[PDB]
Amino acid sequence: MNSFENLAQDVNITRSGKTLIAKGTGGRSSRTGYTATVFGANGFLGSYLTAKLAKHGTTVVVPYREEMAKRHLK
Amino acid sequence: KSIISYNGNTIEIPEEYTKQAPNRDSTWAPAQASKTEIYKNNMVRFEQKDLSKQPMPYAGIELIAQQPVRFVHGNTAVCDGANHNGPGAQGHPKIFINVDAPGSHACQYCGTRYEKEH
Amino acid sequence: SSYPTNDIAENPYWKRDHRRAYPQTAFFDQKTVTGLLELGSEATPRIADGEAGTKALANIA
Amino acid sequence: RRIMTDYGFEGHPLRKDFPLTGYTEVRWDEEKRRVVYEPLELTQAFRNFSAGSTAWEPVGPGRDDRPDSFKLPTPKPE
Amino acid sequence: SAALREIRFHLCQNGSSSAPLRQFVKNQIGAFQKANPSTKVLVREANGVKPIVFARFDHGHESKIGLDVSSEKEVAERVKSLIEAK
Amino acid sequence: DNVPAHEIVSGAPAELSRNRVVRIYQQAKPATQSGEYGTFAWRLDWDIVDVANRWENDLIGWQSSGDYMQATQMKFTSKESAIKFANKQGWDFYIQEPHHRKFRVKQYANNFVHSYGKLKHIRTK
Amino acid sequence: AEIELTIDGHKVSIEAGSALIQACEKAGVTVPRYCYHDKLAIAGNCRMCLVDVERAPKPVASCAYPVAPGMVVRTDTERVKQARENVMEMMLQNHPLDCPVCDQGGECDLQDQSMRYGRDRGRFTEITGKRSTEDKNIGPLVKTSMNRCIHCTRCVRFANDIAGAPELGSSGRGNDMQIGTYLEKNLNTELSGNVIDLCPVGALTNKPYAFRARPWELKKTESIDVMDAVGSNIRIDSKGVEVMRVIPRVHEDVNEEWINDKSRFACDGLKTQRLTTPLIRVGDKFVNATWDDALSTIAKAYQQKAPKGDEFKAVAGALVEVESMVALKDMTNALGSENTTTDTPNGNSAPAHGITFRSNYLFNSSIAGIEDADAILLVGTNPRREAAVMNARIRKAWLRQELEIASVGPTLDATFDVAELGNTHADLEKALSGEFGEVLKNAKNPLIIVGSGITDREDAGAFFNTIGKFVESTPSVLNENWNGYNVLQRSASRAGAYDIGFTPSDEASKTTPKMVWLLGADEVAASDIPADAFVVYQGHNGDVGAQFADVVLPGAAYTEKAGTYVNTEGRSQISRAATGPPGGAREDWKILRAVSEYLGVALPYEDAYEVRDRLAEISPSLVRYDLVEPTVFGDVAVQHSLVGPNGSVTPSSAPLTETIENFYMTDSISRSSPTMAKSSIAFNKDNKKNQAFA
Amino acid sequence: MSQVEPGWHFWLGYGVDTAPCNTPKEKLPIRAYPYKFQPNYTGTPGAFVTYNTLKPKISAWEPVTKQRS
Amino acid sequence: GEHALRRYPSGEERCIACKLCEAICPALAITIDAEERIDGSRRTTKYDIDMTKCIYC
Amino acid sequence: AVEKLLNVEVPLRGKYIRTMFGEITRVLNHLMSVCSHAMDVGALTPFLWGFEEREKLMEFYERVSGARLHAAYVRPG
Amino acid sequence: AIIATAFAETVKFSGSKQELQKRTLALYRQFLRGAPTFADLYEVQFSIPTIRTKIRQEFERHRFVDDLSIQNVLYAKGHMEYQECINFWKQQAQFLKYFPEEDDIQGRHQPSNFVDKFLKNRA
Amino acid sequence: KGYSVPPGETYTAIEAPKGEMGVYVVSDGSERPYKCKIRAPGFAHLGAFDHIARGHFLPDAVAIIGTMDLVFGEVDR
Amino acid sequence: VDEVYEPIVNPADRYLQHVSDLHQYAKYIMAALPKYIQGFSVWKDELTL
Ligand SMILES: NC(=O)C1=CN([C@@H]2O[C@H](COP(=O)(O)OP(=O)(O)OC[C@H]3O[C@@H](n4cnc5c(N)ncnc54)[C@H](OP(=O)(O)O)[C@@H]3O)[C@@H](O)[C@H]2O)C=CC1
Ligand code: SF4
Ligand code: SF4
Ligand code: SF4
Ligand code: SF4
Ligand code: FES
Ligand SMILES: [Zn+2]
């Protein structure tokens with residue numbers, strides 16, 4: 001099976017008070033519970049970071065300027 | 001209306017779009033999610049979007065309550081939601097509703113209500 | 001529709017249930033064919049009468 | 001050699017113990033810049049609906065259509 | 001090893017190997033309980049198991065020795081050895 | 001022993017051989033129906049693994065799964081064939097034996113027998 | 001004695017006097033049916049079992065025609081097929097086209113037998129239409145759409161014969177004959193839900209499940225019924241993560257096609273008020289937390305508090321597995337404690353009947369032995385609220401046999417004539433050495449059924465000493481062929497608990513605890529746990545025990561784990577997981593293993609096989625699944641445990657009180673049910689719908 | 001083409017010989033709600049946002065605390 | 001072509017959650033959930049079609 | 001195949017419809033095949049001539065079944 | 001006729017372990033000789049020694065099998081894979097299924113004891 | 001549930017426009033097939049490509065693929 | 001057309017003579033190769049060896 005290699009646990013509480021219960025084994029259809037916002041996701045490091053975050057179902061919000069530079073992130 | 005998010009922040013949505021339908025504010029079933037619960041759990045996908053143009057159809061629970069009761073002379077009322085204006089069946093199966101009891105009684109396919117002339 | 005199937009009086013379904021009148025799949029091992037050979041068939045019998053033919057069949061079974 | 005299946009496919013699909021969806025799936029990994037084979041996760045799980053099979057026997061025994069030349073002979077009673 | 005705190009006897013109900021242990025439980029169980037008044041004596045049967053005794057001393061340390069012998073006396077000496085070899 | 005290890009040539013994953021458990025059982029006669037055709041076949045089904053069985057999707061609410069054997073159900077003619085196949089594929093199994101109804105004589109006349117004493121109960125039909 | 005007959009050429013043999021349909025079932029010949037059921041009396045009203053007998057000119061009913069020697073039956077020929085077609089024509093004459101809106105769709109005998117044995121199209125086109133019938137209100141559990149009634153009389157026969165509810169009947173005459181209560185009344189019984197399963201049509205349906213699912217959508221898992229120590233065998237029907245319904249399963253030695261209403265309708269509580277994440281008490285509030293943080297807090301509490309010996313208390317409640325209790329006991333003993341305890345009123349002290357021999361806390365005259373019964377004594381038990389299916393069995397025996405039943409306890413609205421003769425220990429001894437004692441002595445299969453509420457008294461030794469003396473004094477109650485000393489348990493975990501030795505020392509009985517781990521334990525009173533103690537609730541629903549707790553660990557319910565459950569008889573049964581547990585919940589023995597490792601100990605097993613081996617090491621009967629064992633030490637047990645150490649106890653004169661003040665709302669899953677709440681408001685004797693003025 | 005009102009989308013397409021201008025009153029559908037024609041809004045903020053009309057099947061416990069009296 | 005849920009001239013919705021469309025669908029594109037409405041009617045709370053699964057049959 | 005297993009007889013009108021449309025389908029297949037063979041060998045114009053006739057027959061498919069290509073029209077029975 | 005491809009081998013089930021021994025050793029030799037070709041054809045980011053290490057690992061996996069027919073099937077499938085690799089039929093994507101070790105470390109938390117798996121719900 | 005087909009098996013074929021198209025069905029008495037193999041006419045023809053195209057130049061292979069009339073849904077199924 | 005007339009006929013009745021022929025044919029094959037043919041089976045113009 002797949003695994004959540006990024007998480008140490010499946011019940012994670014944020015510093016703002018949100019309870020995040022991970023759903024699944026750790027694949028595409030899995031969800032960590034986390035939401036993220038990567039502000040330079042179009043670029044060189046940001047692409048790899050968003051890939052690693054969304055591999056396990058972290059909801060990435062990608063702010064973008066050029067509609068065409070971002071398409072490879074979907 | 002302002003909806004408190006799970007991360008502690010506020011989600012401001014107008015009142016027109018927190019209604020479950022334009023003709024009903026509340027839910028009509030237990031397992032039905034409220035619009036506040038929908039926004040609170042999916043606002044990442046509603047953010048820059050227009051709520052004016054999303055689907056918001058009218059609820060039938062409130063439209064079938066506007067339809068008046070039908071009256072019959074007997075213990076049975078027969079319902080077949082036929083068109084009578086075009087060919088074919090175009091309705092639901094023919095159903096016979098008992099109406100001896102005091103109140104009104106609805107069909108199971110449509111919510112047309114029947115009474116025993118009293 | 002067609003007449004003998006749309007009729008309302010002399011039309012029992014079991015007289016036109018062809019699905020449940022399906023033909024069986026006949027299977028013939030070597031035992032069953034030497035019976036047809038040593039003995040005969042219901043069309044051309046070559047078997048004794050009574051219990052004698054019964055255990056003659058049983059000797060092939 | 002294999003003719004239908006993928007070039008490194010492990011398993012023989014039409015076996016009854018092989019599941020409908022198989023064991024693996026594929027995606028494009030942006031890190032590795034490669035099509036990667038990973039275990040299976042479905043967003044909607046398969047729903048069989050074979051549990052609604054009829055509890056009553058649908059079709060009885062058939063009809064004997066052997067010819068009399070190939071039915072064994074009933075011995076005469078006496 | 002501060003004390004015995006649970007004894008568990010296992011035995012078939014009609015097996016050949018368990019007749020000594022059966023006799024032991026029938027005759028001496030009261031004396032056993034009186035000699036060890038603070039223990040949990042648990043006789044538990046099931047068809048097909050070989051006779052055996054488990055002792056639990058302290059902090060969940062447990063010892064066991066099988067009771068396939070040919071006399072009630074052998075059962076008694078073996079149980080006493082397990083309750084002494086803490 | 002000396003049962004062949006067809007698991008080595010199956011191409012299947014090894015987690016089936018090492019981690020999973022199957023159940024071999026006859027389908028219980030339903031209480032909702034008096035039919036019995038679903039019975040008489042020996043089903044083989046995989047037990048649940050908790051983390052991968054079912055979870056709801058956050059987008060539209062579908063029930064997602066990670067278990068690739070959650071809808072598979074083999075059907076056999078007899079208990080022994082199922083056990084042989086399981087052992088050949090290297091699966092650990094539990095055999096759930098079937099519970100059949102108990103035979104008891106049933107008479108229509110017993111509904112109308114004579115009561116010498118006080119009537120135990122008044123029968124409708 | 002068996003006879004011989006021929007059915008479709010096949011020769012078969014059954015006892016004489018048997019019905020023909022039974023012979024056809026033994027011969028593998030399928031015969032239709034709507035009104036025949038193996039457990040109900042024979043009615044011959046559907047006229048669908050018709051077959052051809054050479055003796056008779058007309059076709060005869062298989063359900064009613066007795067089996068005779070040398071009879072020849074045919075279930076194949078044209079007369080039979082035409083008969084079935086005609087009967088289904090008439091049956092579907094006035095039947096309503098409700099198949100889409102009917103909850104029996106997909107599991108309807110009418111549909112399937114119309115497809116198999118009936119016509120393809122109907123010839124009913126009359127302009128005056130079909131019959132109509134008004135819907136009845138018989139309670140919040142059974143929903144009525146009585147246009148669909150086909151007048152089989154299964155509901156009436158069940159309610160009047162098996163359940164003892166004569167309020168349901170057959171009013172009217174002819175085509176206007178209507179099944180129901182002639183006036184608005186409720187179907188007040190703890191077995192009402194089996195009416196839903198017996199009706200082959202959707203005239204009586206489950207109300208909380210009313211339109212939730214269809215049968216083909218459902219995974220069907222064969223599992224075991226907690227909510228009572230009967231161990232009723234059930235089929236859990238699941239749609240993904242949601243458990244939709246629970247229906248019975250055939251086990252002729254346990255529950256015999258039936259389950260009670262709690263077992264059927266408390267499934268609504270597995271999806272509300274559940275524990276999905278760990279919680280830490282920071283004050284008056286609970287704060288959601290991780291698993292590492294909660295187990296860290298538990299370890300820090302253990303090290304801050306330093307509980308010496310028996311100051312660590314382990315409480316196990318109803319609905320708990322055996323694996324969980326074994327792990328909790330191993331942990332509690334590795335931490336140096338022997339204060340394993342049950343959630344009963346007198347759980348801090350060991351049982352008066354002792355746990356040395358299994359015969360002392362089990363139903364030794366097994367559930368199929370009630371059928372053998374000639375005399376029964378009920379001491380401190382209402383079997384209608386404790387093991388209602390066993391009450392149905394007692395009735396079944398009483399209706400067909402000479403069975404004389406007495407009771408010492410509260411006067412109980414029974415489904416049989418019960419001959420009440422006291423409420424005190426004085427009256428028990430009076431009865432046992434007076435008249436009913438000789439009734440028991442002269443009997444060939446006498447039963448003395450003692451309740452667990454007796455164990456929940458202080459003066460329980462007085463009782464068990466009296467009953468033990470009477471047992472060892474009377475041969476008929478204890479022979480080499482029959483043991484009549486029976487203890488009826490009301491919760492599903494007590495037998496396994498006593499099997500593994502989950503009872504406290506008397507050294508621990510008098511200790512005030514410093515840490516209290518309470519596992520599925522919702523019956524605590526707020527007086528049994530000190531105010532200054534660190535408490536750890538482990539369960540699946542937040543009802544009582546989690547309110548008290550300082551740390552809450554979410555666990556798995558019986559629908560979410562494959563556990564071992566020991567029933568009253570001593571029958572070990574294995575469940576099966578229908579779903580996985582919700583959220584961040586876990587299997588409970590895994591929780592105890594993890595928290596062991598967080599503490600200064602560690603259990604020696606790591607997966608379920610090693611836990612099974614540990615169960616075998618504790619008691620090998622816990623892995624002989626579904627086998628009810630005899631015992632060779634009945635005499636020894638009654639002499640050692642019941643009579644010996646209990647002579648010192650003096651009896652009270654406090655009257656015996658009923659143990660289960662509400663059959664509904666008995667445990668966490670039921671007290672979290674809204675359906676049980678509705679069924680507790682309704683089905684109250686103070687309501688006019690539940691009492692017929694006879 | 002999404003801007004073409006229904007009825008005309010069928011007439012334009014040679015489905016019906018009569019336009020919805022010249023259709024009889026009885027062939028027209030009866031509506032108890034106001035008709036709102038909205039074309040395809042893909043590529044815009046008015047694109048349809050899908051969601052779950054249900055709530056979670058398993059309801060969790062809202063923790064409330066009690067004191068040991 | 002594109003799918004649609006119809007109403008009666010009442011305005012009430014025709015669907016009654018019988019789940020025959022969910023059952024016959026070869027692509028398993030339909031997903032349905034239902035319960036008892038507040039007015040006692042058999043009506044759906046969930047009706048979803050994945051067009052990317054549907055075959056338009 | 002399923003009718004041979006079911007032992008049911010299709011009516012005469014259904015047989016005639018199946019035959020007529022099987023030959024319409026044969027016309028469609030040959031219009032694709034011959035005029036793609038031509039295109040691959042180099043003749044471009046027959047493809048575009050024949051595909052209009054394909055459209056004219058696809059309209060009959062659509063009028064009988066509702067689909068231009070995948071009719072799901074001829075069924076068991 | 002329909003002639004075989006480049007490195008095809010007719011399916012011939014040995015009736016002896018001693019002959020299948022030689023066949024397996026020859027196949028091992030062929031894999032080792034072809035590993036440079038596997039590194040050139042598939043744009044491989046790692047050593048030829050690594051490829052040979054992987055070959056040896058996959059040949060050790062089935063070292064203690066004793067049923068002859070299972071060994072015959074394994075030899076046949078090994079030759080199938082050799083023909084699929086040496087003739088450039090596979091792509092890099094399928095060839096690198098054998099090499100999950102060479103791809104970078106999959107995250108931080110990879111459980112190997114009980115409490116890890118418990119906190120991650122894998123016990 | 002569907003209609004339940006009698007148990008058995010059949011290979012039946014038609015003169016499809018591509019050739020002899022066949023279906024080997026097995027019925028287990030159930031509503032679902034136990035086995036359905038499609039004998040596609042293009043499978044055999046593309047298998048015969050090796051025998052037919054040997055000795056030819058590449059422009060002729062195009063004509064051979066075109067006269068086999070190869071759609072690959074049927075080849076690969 | 002006022003009334004459509006279609007007789008009720010069993011589709012298997014069309015095969016009976018051919019079925020007998022296949023039976024005889026299979027008997028010949030079984031008698032020619034008794035070392036090899038374990039059985040034969042016949043259903044609706046389909047002979048299996
Ligand atoms: N790459 C390197 O070698 C090093 C990088 N860094 C830093 O690490 C980060 C990595 O960026 P890198 O990996 O270099 O790839 P990029 O630098 O190409 O990433 C640049 C990102 O910044 C966004 N951006 C730039 N200017 C603006 C602006 N004015 N408004 C909004 N968005 C803007 C770009 O959006 P768009 O694509 O729309 O322009 C793009 O997403 C940067 O902070 C960089 O300074 C530090 C040391 C070395
Ligand atoms: S009872 Fe059966 S036949 Fe009658 S409406 Fe319901 S599903 Fe249909
Ligand atoms: S209500 Fe249901 S069970 Fe009772 S007679 Fe009518 S159909 Fe039968
Ligand atoms: S569930 Fe499907 S088939 Fe049933 S009424 Fe609704 S749309 Fe129609
Ligand atoms: S594929 Fe489309 S037309 Fe066919 S069942 Fe699914 S939704 Fe309906
Ligand atoms: S089963 Fe005999 S008449 Fe109903
Ligand atoms: Zn209606």
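In what follows, chains are A, B, ... by sequence order, proteins preceding strands, each numbered from 1.
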**Asked** E:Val49 and G:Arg624: side-chain contact (heavy atoms from CB on, under 4.5 Å), yes or no, with the steps?
**Response** CA-CA 11 Å; E:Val49 306; G:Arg624 264 83 170 172; 3.2 Å; yes
**Asked** Given the options G:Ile500, G:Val601, G:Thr503, G:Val623, which has more heavy-atom pairs under 4.5 Å with chain E than any of the others?
**Response**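 The residue among G:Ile500, G:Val601, G:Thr503, G:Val623 with the greatest pair count is G:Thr503.
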**Asked** Can you tell which of E:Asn27, E:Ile52, E:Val25 has the highest number of heavy-atom pairs within less than 4.5 Å of chain G?
**Response**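 The candidate making the most pairs under 4.5 Å is E:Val25.
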**Prompt:** Which residues in residues 605-618 of chain G have a heavy atom less than 4.5 Å from any heavy atom of chain E?
**Reply:**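 Counting heavy atoms that sit under 4.5 Å from chain E, the residues of residues 605-618 of chain G involved are G:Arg614, G:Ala616, G:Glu617, G:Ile618.
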Of the backbone (N, CA, C, O) and the side chain (C-beta and beyond), which part of [X] lies under 4.5 Å from a heavy atom of chain G, both, or neither?
{"X": "E:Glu6", "result": "side chain"}
{"X": "E:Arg8", "result": "side chain"}
{"X": "E:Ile7", "result": "neither"}

**Under 3.5 Å donor-acceptor, E:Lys40 side chain and G:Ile355 backbone** =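 Not a single qualifying donor-acceptor pair exists.
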**Prompt:** Is the side chain of G:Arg358 donor-acceptor paired with the backbone N or O of E:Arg44 at a distance under 3.5 Å, no angle test?
**Reply:**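 Pair absent, no side-chain N/O of G:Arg358 close to backbone of E:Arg44.
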**Prompt:** How far does OG1 of G:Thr356 sit from CD of E:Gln33, to the nearest 0.5 angstrom?
**Reply:**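 Nearest 0.5 Å value for the OG1-CD distance: 5.5 Å.
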If you look at every heavy atom in [X] and [Y], which pair is closest and at what distance?
{"X": "E:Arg22", "Y": "G:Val632", "result": "CD-CG2, 4.2 Å"}
{"X": "E:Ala46", "Y": "G:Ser621", "result": "CB-N, 4.1 Å"}
{"X": "G:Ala334", "Y": "E:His59", "result": "O-CD2, 3.2 Å"}
{"X": "G:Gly501", "Y": "E:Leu42", "result": "CA-CD1, 3.9 Å"}

Residue part contacting chain E, namely of [X], when any heavy atom lies under 4.5 Å:
{"X": "G:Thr332", "answer": "neither"}
{"X": "G:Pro604", "answer": "neither"}
{"X": "G:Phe633", "answer": "side chain"}

Residue [X] excluded, over 12 heavy atoms near [atom1] under 6.0 Å:
{"X": "G:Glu507", "atom1": "CD", "value": "no"}
{"X": "E:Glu84", "atom1": "CD", "value": "no"}
{"X": "E:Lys86", "atom1": "NZ", "value": "yes"}

**Request:** Determine, for E:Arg56 against G:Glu338, whether the closest basic-nitrogen to carboxylate-oxygen distance falls under 4.0 angstrom.
**Result:**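 Salt bridge between E:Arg56 and G:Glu338, a charged N being under 4.0 Å from a carboxylate O: yes.
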**Asked** Side chains of E:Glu45 and G:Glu629: closer than 4.5 Å at any heavy-atom pair?
**Response**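 Sidechains of G:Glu629 and E:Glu45: no contact.
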